[PDB]
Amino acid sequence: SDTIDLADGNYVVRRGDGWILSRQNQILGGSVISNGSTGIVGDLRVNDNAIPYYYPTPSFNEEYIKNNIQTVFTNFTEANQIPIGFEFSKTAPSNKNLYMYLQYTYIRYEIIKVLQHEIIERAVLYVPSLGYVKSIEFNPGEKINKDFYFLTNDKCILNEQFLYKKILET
């Protein structure tokens, strides 16, 4: 369930890179490439696409989340002022059409409160990382699985992680 073999108290947790968020998958758009051509899409992480997503709790407000994450893990406020690019390339096979679309990936962080081997409270922070492309070859009129286009729940495209440090009191 939400059961964890840890002592009582609060913890910062890094849950790994590679998270993608529900509903948001196609909002950057995609490319259609055809017949041997190569499509390249990328982006540039700066300023106002590097603003993180906070999900606070009664115990853990935004500043508490920011300050504990930035102490133990990467200081995203300093890092994300400096533009980093990323690109993906796909090549369409001959006499076929390929659609490729781009979305951002995030590091997921959590502040958890543990009581009697149980997580009773959890705050979440998603910090923009890089990106991820999905592609499909298609025919005219071919029906495509909804799942290819649209994500119902947040997931990690890599292996999830659970890297923790106990938080000590002011």
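Numbering starts at 1 and runs along the sequence shown.
Could you settle it for me: does 125-133 or 62-70 have the higher average Cα B factor in the PDB entry? Stretch with the greater average CA B-factor: 62-70.
Averaging only over Cα atoms, indicate whether 39-47 or 112-120 has the higher B-factor in the PDB entry. That would be 112-120.
Which one, 100, 92, 79, 84, has the peak C-alpha temperature factor per the PDB entry? Going by the entry's C-alpha B-factors, 79 comes out highest.
Chain thirds of CA B-factor: placement of residue 34: Middle third.
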